[PDB]
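Student: Quick one: the structure is below, questions incoming.
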Protein chains: 2
Amino acid sequence: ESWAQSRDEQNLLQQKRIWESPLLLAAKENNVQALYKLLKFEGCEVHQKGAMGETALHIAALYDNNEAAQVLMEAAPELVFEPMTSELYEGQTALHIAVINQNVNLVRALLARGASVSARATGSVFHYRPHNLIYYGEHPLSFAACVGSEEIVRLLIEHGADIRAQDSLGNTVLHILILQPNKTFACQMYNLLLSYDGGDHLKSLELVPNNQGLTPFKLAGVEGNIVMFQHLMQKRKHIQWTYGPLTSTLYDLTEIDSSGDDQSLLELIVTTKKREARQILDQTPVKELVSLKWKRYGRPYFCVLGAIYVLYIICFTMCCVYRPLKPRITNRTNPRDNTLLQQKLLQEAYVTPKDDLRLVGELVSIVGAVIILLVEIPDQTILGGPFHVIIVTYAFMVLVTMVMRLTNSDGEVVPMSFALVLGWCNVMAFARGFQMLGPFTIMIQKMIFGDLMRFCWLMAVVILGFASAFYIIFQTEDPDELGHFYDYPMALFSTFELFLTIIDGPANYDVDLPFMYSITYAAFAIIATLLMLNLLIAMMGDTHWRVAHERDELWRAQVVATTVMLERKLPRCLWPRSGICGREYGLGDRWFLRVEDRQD
Amino acid sequence: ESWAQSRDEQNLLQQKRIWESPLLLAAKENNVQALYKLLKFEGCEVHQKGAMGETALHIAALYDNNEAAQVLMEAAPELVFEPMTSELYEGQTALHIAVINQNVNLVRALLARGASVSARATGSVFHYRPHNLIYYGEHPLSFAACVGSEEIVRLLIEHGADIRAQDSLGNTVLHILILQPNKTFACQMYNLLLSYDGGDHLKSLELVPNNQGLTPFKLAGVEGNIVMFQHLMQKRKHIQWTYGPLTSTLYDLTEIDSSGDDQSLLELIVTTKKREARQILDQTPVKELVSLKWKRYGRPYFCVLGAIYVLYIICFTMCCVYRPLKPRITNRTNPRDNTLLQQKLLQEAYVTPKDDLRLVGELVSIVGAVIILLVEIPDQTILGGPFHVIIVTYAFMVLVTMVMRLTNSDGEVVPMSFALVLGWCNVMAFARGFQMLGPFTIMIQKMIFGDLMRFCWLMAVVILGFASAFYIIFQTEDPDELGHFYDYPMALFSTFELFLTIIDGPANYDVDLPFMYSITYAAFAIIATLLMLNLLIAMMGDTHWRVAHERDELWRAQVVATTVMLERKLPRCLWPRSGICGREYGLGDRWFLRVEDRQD
Ligand SMILES: NCCOB(c1ccccc1)c1ccc(Br)cc1
Ligand SMILES: NCCOB(c1ccccc1)c1ccc(Br)cc1
Ligand SMILES: CC1NC(=O)NC1CCCCCC(=O)O
Ligand SMILES: CC1NC(=O)NC1CCCCCC(=O)O
């Protein structure tokens, strides 16, 4: 409490030691006449450590003081090898600070003194974290690549800088360039670093994987870096011919398609929470891949599953609507005359005239629940499919209904009634794709699990304020004639119904309503309308020109997400691999997709 | 009746004396040959006063007539010291008019004659009022600073102009520059006036406070002058280091943070009615201040108070829903058989089986009401918190319910029922902040106390037009079967319900409705819908792209308003002062907030 306070304090605690130490003060202010007055006559603490474990050279490198830095290296040339010792800066040398500041005349003078070109900077402030406004890696070659100083990147390779060197997160200098803001300038820097590769077709830096199993080409897709994704595609696409305006290009489709297994660029985009990566399946090598994946194979099998699931649910309801006998067969209708229960229990089973059709019906319904369960027990909380967490709980309710059966509980209706709504309402998950009702279900997915829960807690109040009042108002009145609030639980249910203007509202003209109801309900009506108009106006805002493109981009996104998931579960005798393979014609040996386009 | 007419008349009355007086006429028209024909042979009234107490030189200065002004000062050099004598222009000299017109060759010639550089212009038209299209102050140095003529500002200081001089409103020349339209040019003029300061660290013009206790840096925040607020920040922020793109700057945070007490820039912004100052807490020294004020300390304590207030209200309703016995215990059900009252009165108290839980419940509810009262009797009508004027009236209803108790009035329900709605609906004031339901409650705050009262008086009509009709229509009919309007008060209540389409509307098919109801209700339905559609379309307009930013700016504004108010009421053992202090490291001695940023 807190980490931000510590660095805020230690930045202030550093300036304290700078101001206190006359050596570090002159190194900060570039006082050449004061450094020699401290190092030569008399001899002071030349290896003086500051608050952050810094040296006088580390301070002289933070503020571009070349004159004050040459003084410290001509009087004591061992300060160059010294790294920062504090935890915030563990591993940083004076070369890192000069590279970050793009001090060319200092880096070219630091490498003449013999500085290390492989000094990791494992400090807590050099880590890949949101609280760090940057992430340039750990090696000084990566720092030169991130600042964009091409004069320093090649000047480091001149003195044995290794481009293959990875950091603590297994990232090469190519992986770090992908996570940078200046995308258009990093492409030129990405090519500058590729030229120093070994040059052989095997063991290439573009193939050196991240420690999370992610080549630089594959990392660009997950990160949503379109400028780098398009640039990394030039290395892996072959133009077949140029027939005037037409140009049929052949795409590599190696690391773009599965499998794999999870080492597939498509599976990484459909499973990530990055809102930027959703634009990658709209790129011209991939958009042709998934569009052909859905026109054939994709759309039919999804409709078959829906046609199967439509007939599967309509069979389950056929068992419910034809639920077993019988009437209440009990004098239970005498206690609490408000009871109209004719509870149907078992058994009373089977001895089947037309009842054996319901036996095979209950059998078909229960074998589908375990089939769903068997295919949905995966060894969670994701966008691309928020409806089929309900399909695994539907199979849970069927089993409970099966356990509610064979026990014959008076609560036989509650579990058998829950599966009716979850089963059907899950069929509009098949509206996804299909047609233009797909993005409409995207609207319902975005509201049910976001704008609802927040606005409910707003609408959860007010009601119980007026419901508690209406209870007190009509706790005094006789609930026989006009008793919308006879007890407290129904007082809230009747008030909730009245918030949505369903019931006519308590209206009785034979009797006289209490003096407080006619006053309390008028206010509840005006607030319930204003609270509902503001709910409709709050819908606006997610109606601009971009949100119609957003949900349409989200629709086709979750359609591609459904397409990739079907291919990774269905067998291989159906659904062939998209593209053509290169085996005599031996121009592979991988699978290629041929796409021609016309430049206007 | 009116003040605008007076100056309109006295401007016309002035031109009368100009046209009538041949001296003032020639001074207006720059008739050099006519001034000498009036002053030298013969000698006329050279000190002639006009309608506005002006002189011939005052008229010759209004219209840039240097040739006609030198005539009046070479023949009578005492007219320079003469000020305007009218009430509209009390205190204005011929130097003020030359400075306003930026007459450099006249001001440099007026100071050779020996004009006063400290002549206040206390006229009614020089005051800081909305009816005055400008406000340049009272001293001629301030006039030079407002017109932007740098050649005149320094030319006045050359002749002993005091920059420390304040006006009637305690404003320095620096305070007046903040209240100017040309913000981008006043910054250069603000620096020109700082250079003539004493130069010592103590008794500085930037510290000279307004007569309302407001330094020029603090006045810029309340006024919403962002260009000056950013410019005045350069004098009070220290850059710690520059590490390539990163640059951790240290902000002064002296006059920005409390306390104080009310001498705090944050407390001035959250309490002002200026729509412009709301943009100040979005500035880079302040936005980091309040964001860290709400991430920790702010948001938890506000949720604790809400969690306390949620449990406090749910306890109060537990006492209401379990209100005391008993039935009506009276033959009062015989008079007016429309009565279903079973009025519950006391006492009938206590002798507690499970009733002692309601005794401590009523005790917890009453001690919270006075606690609210004790902390809300402040020795009003503001935006940043329109819901908790209801929390002080809630505590008023609890006490009245306590006074309604111990008296056992038949109106026991009315005060006990009012506290149920005000207590709960005040909990959605805690929706402010929290999440995205905060700006939604901003919508409800902006509608309940603005668009409602105006539109109600529109919807207040029509209803009583049709309600009075429907009463007359069914004053003839028998209210037993279909009696929505049996008496006049319920005739308005039933018509109001029908305006919101709650009741089914009077529909009886066993009997025949009067020939006028079927005609009158059809018109009422069409108008009630058009009058409601136009109410929904009137919501649009406050739905553009800017109003979603407005209410979102208003949301975070009232969140900062809630954050500052909590800090100024909660003790000091919790909630530490935001930032770090400068006491060894002795670089203060005030509190500083360290903020680093990255320039792309
Ligand atoms: N059954 C689990 C979720 O359902 B689905 C789903 C899978 C196949 C066919 C239809 C729907 C899903 C949605 C998004 C992603 Br990404 C992955 C799967
Ligand atoms: N209780 C009086 C008003 O309530 B509030 C309020 C104060 C503390 C916690 C929650 C709400 C308020 C709102 C805006 C301003 Br600005 C100042 C106070
Ligand atoms: C203490 C330090 N001394 C120095 O020469 N640089 C310091 C820190 C530099 C800022 C790096 C912060 C970041 O990258 O997040
Ligand atoms: C009567 C006057 N004679 C004159 O030379 N100026 C007059 C008035 C000037 C206008 C100032 C109005 C204002 O500042 O609001």
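Student: For B:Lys16, give me every one of the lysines with a C-alpha distance below 30 angstrom, ignoring sequence neighbours fewer than eight places off in its own chain.
Tutor: B:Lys28, B:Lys37, B:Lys40, B:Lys49
Student: While we're looking at this one, here's another question. Taking all pairs of different Cα atoms in region A:466-595, averaging 1/r and flipping that mean, what Kirkwood radius in angstroms comes out? Working shown, then result.
Tutor: On the way: mean 1/r = 0.0481 Å⁻¹.
Taking the inverse mean of 1/r over all distinct Cα pairs, region A:466-595 comes out at 20.8 Å.
Student: Shortest first and in nm with one decimal, please list how far the A:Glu45 label point sits from its counterparts in the other copies (point 7 Å along Cα→Cβ).
Tutor: 8.8
Student: Taking the Cα atoms of the protein assembly as shown, what is the range of coordinates along each of the three principal axes, in descending order and whole Å?
Tutor: 130, 98, 75
Student: In addition: Report the FRET efficiency, 1/(1 + (r/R0)^6), for B:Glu42 and B:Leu169, where r is their Cβ-Cβ distance and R0 is 41 Å, rounded to 0.05.
Tutor: The formula returns an efficiency of 0.30 here.
Student: Give, rounded to the nearest 20 debye, the magnitude of the charge dipole that the protein assembly as shown has about its Cα centre when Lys and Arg contribute +1 at Cβ and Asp and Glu contribute -1 at Cβ.
Tutor: Rounded to the nearest 20 debye, it is 2480 debye.
Student: Right, next: Using a simple charge model, +1 on the beta-carbon of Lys and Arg, -1 on the beta-carbon of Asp and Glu, nothing else, what dipole does region B:331-379 show about its Cα centre, in debye to the nearest 20?
Tutor: Using Cβ point charges on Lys, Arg, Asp and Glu, region B:331-379 gives about 340 debye.
Student: Moving to a separate point now. Once phi is turned into ³J(HN,Hα) by the Karplus curve 6.51 cos²θ - 1.76 cosθ + 1.60 with θ = phi - 60°, what whole-Hz value does each residue of region B:16-21 show in order, with x for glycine and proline?
Tutor: 4, 5, 4, 5, 6, 6
Student: Go ahead and estimate [θ] at 222 nm for chain A from helices alone: -39,500 (n - 2.57) per DSSP H run with n ≥ 4, summed, over the residue count, rounded to 500.
Tutor: One gets -15000 deg cm²/dmol as the mean residue ellipticity at 222 nm.
Student: Assign one of three labels to region A:167-252, namely rounded, prolate or oblate, based on the Cα gyration tensor with a ≥ b ≥ c the square roots of its eigenvalues; rounded applies when a/c is under 1.5, prolate when it is not and a/b is larger than b/c, and oblate otherwise. Could the numbers behind the result be given before it?
Tutor: Working: a/c = 2.03, a/b = 1.65, b/c = 1.23.
Judged from the Cα gyration tensor, region A:167-252 comes out prolate (a/c at least 1.5, a/b above b/c).
Student: Count the net charge of all other residues whose Cβ sits under 9 Å from the Cβ of A:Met416, scoring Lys and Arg as +1 and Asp and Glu as -1.
Tutor: That works out to +1.
Student: Out of region A:516-600, which GluC sites (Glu not before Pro) are coil in DSSP terms and have no more than 10 other C-beta atoms within 10 Å? Mind showing how you got there, number by number?
Tutor: On the way: sites: A:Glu550, A:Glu553, A:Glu567, A:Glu584, A:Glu596; in loops: A:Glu584.
Here the sparse-neighbourhood loop sites are A:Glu584.
Student: Another one. Please report the residue of chain B with the smallest beta-carbon distance to the B-to-A rotation axis, and give that distance in Å, no decimals.
Tutor: Closest Cβ on chain B to the axis mapping it onto A, in Å: B:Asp504, 4.
Student: Shifting gears a bit: For the pairs A:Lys295/A:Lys569; B:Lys235/B:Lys569; B:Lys326/B:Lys354, flag any whose C-alpha to C-alpha distance is greater than 27 Å.
Tutor: B:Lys235/B:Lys569
Student: Work from the charge dipole of the protein assembly as shown (Cβ charges, +1 for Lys and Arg, -1 for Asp and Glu, about the Cα centre) and give the residue of A:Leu570, A:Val270, B:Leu177 farthest towards its positive end.
Tutor: Checking the options against the dipole of the protein assembly as shown, the answer is A:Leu570.
Student: When you have a sec, figure out the Kirkwood radius of region A:284-577 from all distinct Cα pair distances and drop it here in Å to one decimal?
Tutor: After inverting the pairwise mean of 1/r, the radius is 23.6 Å.
Student: Could you work out the local net charge near A:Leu554, counting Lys and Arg as +1, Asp and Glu as -1, over the other residues with Cβ closer than 11 Å to its Cβ?
Tutor: Once all neighbours under 11 Å are counted, the net charge is +3.
Student: If only Cα atoms are counted, what is the Rg of region B:535-597, and what is its Dmax, in Å?
Tutor: Answer for region B:535-597, Rg first and Dmax second: 19.8, 64 Å.
Student: Distances in nm, one decimal, shortest first, from A:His238 to the same residue in every other copy, taking the label point 7 angstrom along Cα→Cβ.
Tutor: 6.6
Student: Right, something else. With Cβ to Cβ distances under 11 Å as the rule, what net charge do the other residues near A:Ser264 carry (K, R +1; D, E -1)? Spell out each step's value before the answer.
Tutor: Working: positive: A:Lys218, A:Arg568; negative: A:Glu255, A:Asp257, A:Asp261, A:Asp262, A:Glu267, A:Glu567.
Around A:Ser264, the surrounding residues sum to -4.
Student: Given the C-alpha atoms of chain A, compute the convex hull and give its volume per residue in Å³.
Tutor: Values: hull volume 156.9 nm³, N = 600.
Value for chain A: 261 Å³ per residue.
Student: Report the charge-dipole magnitude of region B:284-577 in Debye, nearest 20, computed about the Cα centre from +1 at each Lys and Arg Cβ and -1 at each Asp and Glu Cβ. Please list the in-between numbers first.
Tutor: Numbers: 24 positive and 25 negative charges, 427 e Å.
The dipole magnitude comes to about 2060 debye.
Student: Moving on. Taking the label point as lying 7 angstrom from Cα along the Cα-to-Cβ axis, what are the distances from A:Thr501 to the corresponding position in the remaining copies, in ascending order and in nanometres?
Tutor: Copy-to-copy label distances for A:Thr501: 0.5 nm.
Student: Kirkwood Rh, region B:122-193, all Cα pairs: how many Å?
Tutor: Details: mean 1/r = 0.0813 Å⁻¹.
About 12.3 Å for region B:122-193.
Student: If you don't mind, there's one more thing I want to ask. Filter the trypsin sites (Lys or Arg not before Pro) in region A:341-375 to those in DSSP coil with at most 12 other Cβ atoms within 10 Å of their Cβ, and list the result. Don't skip to the end; give the middle numbers.
Tutor: Details: sites: A:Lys344, A:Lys354, A:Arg358; in loops: A:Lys344, A:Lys354.
Sites meeting the loop and neighbour criteria: A:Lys354.
Student: May I pose another question? Tell me which GluC sites (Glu not before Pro) from region B:245-288 have a DSSP coil assignment and no more than 15 other beta carbons within 10 Å of their own.
Tutor: Details: sites: B:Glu255, B:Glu267, B:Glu276, B:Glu288; in loops: B:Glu255, B:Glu276.
Taking region B:245-288 and a limit of 15 other Cβ atoms within 10 Å, the loop GluC sites (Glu not before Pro) found are B:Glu276.
Student: Computed over the Cα atoms, what is the radius of gyration of region A:315-366 divided by 2.2 N^0.38 Å, N being its residue count?
Tutor: After normalising by residue count via 2.2 N^0.38 Å, the value is 1.41.
Taken together, the values in this text are just the output of simple stated rules run on the coordinates, not laboratory data. Ideal geometry is used to build each Cβ from the backbone, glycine not excepted, and the neighbour counts take in all protein chains shown.
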